[PDB]
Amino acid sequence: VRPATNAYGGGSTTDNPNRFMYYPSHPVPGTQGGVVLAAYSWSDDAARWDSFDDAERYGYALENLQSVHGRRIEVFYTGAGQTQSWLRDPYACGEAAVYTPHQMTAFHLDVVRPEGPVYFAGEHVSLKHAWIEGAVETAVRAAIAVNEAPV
């Protein structure tokens, strides 16, 4: 029987398909429960759950969760879960841009370059990929160029 976790915030690491699990940093006020990021993984780790559809995933997720915290947790499981796959999202078409070796020096300077009256911004135009800071950072930069741009 898995020991009481007794942990506040943070998260744990594992080699089971769930990989990383995070616990709520603060509890929603006025509530007795909470939602845990049972499974969160990138690349191939993620490529896995991508095989299964939204609805199926919850099963394993709970099992792999029990493998680390104990079968016992199953009692509090409300039976409600949510899953977000970014490769399957026709609007994100992926989590974020992440260069493979050499790509940056191969064409990143061309990524930022505007094309005629067309300007580019967003997470990927920066060099702080998979971060909002990159997004914002390039958003501003974009507005600066078009703002003072010769009409």
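In this text, residue numbers run from 1 along the sequence as written.
A summary of the deposited B-factors shows that, of 42-50 and 98-106, the stretch with the larger mean C-alpha value is 42-50. The stretch with the higher mean CA B factor, choosing between 33-41 and 80-88, is 80-88. Ranked by C-alpha B-factor against the other modelled residues of its chain, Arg57 falls in the highest third.
Among the modelled residues of its chain, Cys93 has a C-alpha B-factor that falls in the highest third, as given in the PDB entry.
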